[PDB]
Structures are given as structure tokens and as C-alpha cells.
Engineer: 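Dropping the structure in here first, questions after.
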Amino acid sequence: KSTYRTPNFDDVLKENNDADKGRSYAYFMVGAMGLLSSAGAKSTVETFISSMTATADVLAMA
Amino acid sequence: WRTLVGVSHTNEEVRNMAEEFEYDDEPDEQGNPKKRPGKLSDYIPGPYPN
Ligand SMILES: CCCCCCCCCCCCCCC(=O)O[C@H](COC(=O)CCCCCCCCCCCC)COP(=O)(O)O
Ligand SMILES: CCCCCCCCCCCCCCC(=O)O[C@H](COC(=O)CCCCCCCCCCCC)COP(=O)(O)O
């Protein structure tokens with residue numbers, strides 16, 4: 001048939017598009033992921049770095 | 001000895017327990033060996049020499 005006729009997309013479309021609400025919920029979930037990934041990567045580096053400080057038997061002879 | 005403090009005994013309880021055993025010390029000014037009572041840095045001693 002004619003290429004100007006668009007097929008049926010109605011079982012996935014929102015009843016009201018409302019562009020301020022759809023961009024706001026998607027950016028909440030991406031922002032929460034970057035929040036938790038930065039706090040997780042920070043404690044990971046500090047676990048490896050603090051293993052080079054003085055051990056428990058060295059501190060006992062201080 | 002130091003690992004028992006704050007887990008099962010207080011700090012002055014472990015000091016009295018370790019002071020009932022004697023350990024090797026550095027030799028004197030002539031070079032003869034000495035002994036000394038134990039401290040919290042020492043390890044718990046065993047009953048046999050070898
Ligand atoms: C080597 C094979 C890949 C293995 C996966 C390795 C994952 C590390 C890459 C990070 C993926 C996200 C890239 C971010 C980016 O530049 O997109 C940016 C967009 O960034 C943003 O707008 C928000 C930040 C996204 C936060 C995502 C959190 C993921 C944190 C990683 C979790 C620990 C690994 C550009 O992408 P865009 O063109 O689609 O906009
Ligand atoms: C290179 C090491 C990667 C480890 C893979 C994950 C396996 C889980 C073991 C994690 C052990 C180290 C953390 C232990 C710990 O106490 O942390 C805990 C929990 O937090 C985490 O580390 C979980 C996040 C795991 C990483 C998430 C992705 C971050 C992006 C990549 C990081 C590379 C720069 C924090 O507790 P703490 O701050 O008192 O030490």
C-alpha cells in the first residue's frame with residue numbers, strides 16, 4: 001500500500017505525551033545510577049590504597 | 001596477645017596474662033643472653049621447645 005500510511009503504533013503509545021514528564025523520569029533513573037556508581041568506585045579505591053598503610057604488627061612496636 | 005583486647009578481655013587483663021611467661025631478650029654488654037617477661041606484642045607460647 002501507500003508509504004504515506006503509517007502502521008499501527010497504538011499499543012505502545014502513551015495516552016498523553018507531555019514531554020516534561022517523560023524526560024523527567026528517565027533522567028531520574030540515569031542520575032541515580034551515576035550517583036551510586038561514583039560512591040561505589042570511591043570506596044573501592046580507598047580499600048586498595050589503605051592496604052599500603054602500616055600493618056597491625058608494625059603499629060604495636062610504635 | 002594484643003588481638004584478645006576488646007574481644008574477650010580488657011586491656012589490663014591481657015597484660016597480666018602475658019606477664020606470666022618469659023621470652024628471649026637481646027644480649028647484654030658482654031654478649032650473654034637474657035630473659036624478660038611478656039608484653040602485648042608477643043605471641044602466645046607453646047608447651048614444647050621442638
Ligand atoms: C568495554 C565494553 C563496555 C563495558 C561497560 C563499561 C562501562 C563503563 C562505561 C560507562 C558507561 C556509561 C558512559 C557514560 C557516558 O559517557 O554517556 C554520556 C551521557 O551521560 C549522561 O548524560 C548521564 C551520565 C550517565 C551515567 C551512567 C552511569 C554508568 C556508570 C558506569 C558504572 C560503572 C562501570 C554520553 O552518552 P549519550 O550520547 O547517550 O548522551
Ligand atoms: C577492581 C575491583 C572490582 C571489584 C568487583 C566487585 C566485587 C565486589 C567486591 C568489592 C570489594 C571492594 C569494595 C569493598 C567495600 O568495602 O565496599 C563497600 C561497598 O561499596 C562498594 O564498593 C560496592 C560497589 C562496587 C563497585 C561498583 C562499580 C564502581 C565502578 C567500578 C569501580 C572501579 C574504579 C563500601 O564499604 P566501605 O566504604 O566501608 O569500605
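Below, each value reflects all heavy atoms present in this structure, side chains not excepted, and no hydrogens, waters or symmetry copies. Note that ligands are numbered from 1 as they come in the structure, with each ligand's atoms numbered from 1 the same way. By convention in this document, chain letters (A, B, ...) are assigned in the order of the sequence lines, proteins followed by strands, and residues within each chain are numbered from 1.
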Engineer: Compare all side-chain heavy atoms of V58(A) with those of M61(A) and state whether any distance is below 4.5 angstrom.
Structural biologist: no

Engineer: May I ask you to decide if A39(A)'s main-chain N or O and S43(A)'s side chain share a donor-acceptor pair within less than 3.5 Å?
Structural biologist: yes

Engineer: Please list the nearest protein heavy atom to atom 21 (C) of ligand 2 with its residue and the distance rounded to 0.1 Å.
Structural biologist: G40(A) O, 4.1 Å

Engineer: In the complex you have, is atom 28 (C) of ligand 2 within reach of the protein, judged by whether a heavy-atom distance drops under 4.0 Å?
Structural biologist: no

Engineer: Group every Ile, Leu, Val, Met, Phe, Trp and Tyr by side-chain heavy-atom contacts under 4.5 Å, then state whether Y43(B) and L40(B) land in the same group.
Structural biologist: no

Engineer: Evaluate the 4.0 Å heavy atom contact test for atom 13 (C) of ligand 1: does a protein atom fall under the cut-off?
Structural biologist: no

Engineer: So, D42(B) and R36(B), do they make that salt bridge, N to O below 4.0 Å?
Structural biologist: yes

Engineer: Tell me: protein heavy atom nearest atom 3 (C) of ligand 2, and distance?
Structural biologist: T44(A) CG2, 4.7 Å

Engineer: So which heavy atom on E19(B) is nearest to which on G38(B), and how close?
Structural biologist: CG-O, 3.7 Å

Engineer: Starting from atom 31 (C) of ligand 2, locate the nearest protein heavy atom and write down its residue, its atom name and how far away it is, to 0.1 Å.
Structural biologist: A41(A) CB, 4.3 Å

Engineer: State whether any protein heavy atom lies less than 4.0 Å from atom 5 (C) of ligand 1.
Structural biologist: no

Engineer: Would you say atom 9 (C) of ligand 2 has a protein heavy atom nearer than 4.0 Å?
Structural biologist: no

Engineer: Which of the numbered atoms in ligand 1 are below 4.0 angstrom from a heavy atom of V30(A)?
Structural biologist: 23 (C), 25 (C)

Engineer: At what distance is the nearest protein heavy atom to atom 32 (C) of ligand 1, and which residue and atom is it?
Structural biologist: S37(A) OG, 3.4 Å

Engineer: So do the side chains of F48(A) and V45(A) get within less than 4.5 Å of each other, counting heavy atoms only?
Structural biologist: no

Engineer: Return the residue, atom name and 0.1 Å-rounded distance of the protein heavy atom closest to atom 16 (O) of ligand 2.
Structural biologist: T47(A) OG1, 4.3 Å

Engineer: Just need the protein heavy atom nearest to atom 36 (O) of ligand 2, so name the residue and atom and give the distance.
Structural biologist: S43(A) CB, 4.6 Å

Engineer: Quick one: are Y23(B) and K35(B) in side-chain contact, heavy atoms under 4.5 Å?
Structural biologist: no

Engineer: Does atom NZ (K42(A)) have a neighbourhood of more than 12 heavy atoms from anything else shown, all under 6.0 Å?
Structural biologist: no

Engineer: Could you tell me whether atom 34 (C) of ligand 1 has at least one protein heavy atom nearer than 4.0 Å?
Structural biologist: no

